[PDB]
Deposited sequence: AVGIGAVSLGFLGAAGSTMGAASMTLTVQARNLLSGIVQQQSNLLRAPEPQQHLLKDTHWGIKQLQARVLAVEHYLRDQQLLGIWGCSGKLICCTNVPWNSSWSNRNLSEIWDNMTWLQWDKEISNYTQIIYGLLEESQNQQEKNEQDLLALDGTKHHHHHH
C-alpha cells in the first residue's frame, strides 16, 4: 500500500518504489492543485533525466560516495535505518550530490559522442 514501507528499512522499502511512484500523478482549487501536481512530477522527472536516470527506479551512477556526507556502513544504512531517517541525516548534502550527478552525466554524453565519431 501507498507509503506502507515508510516504517520499514531502506532495503525492504526499495521493493515498493512503484507503489509510491504511481501515486505522484471548488473547481478553481482542483484546477490549481492539478497544475501544481503536474509541475512537481515533471520537476522530479527532469532531475532523473539530466542524471541519466529517466527510465529507472533504481539508478546506479559514476559519482563516488564522499564519506563526509555519511560515514555509516551499508549494513547500518540498509538494514537498520528507514528512508525517513536517512533523508533527515543527509538532507544537508542533497544539493551537493545533485550537482555532481549533473556534471557526470553530461561528461558521459560527451564521451559517447566522441566514441560514435570514430
**Prompt:** Hey, which stretches of the deposited sequence didn't make it into the model?
**Reply:** 1 to 9, 35 to 59, 153 to 162
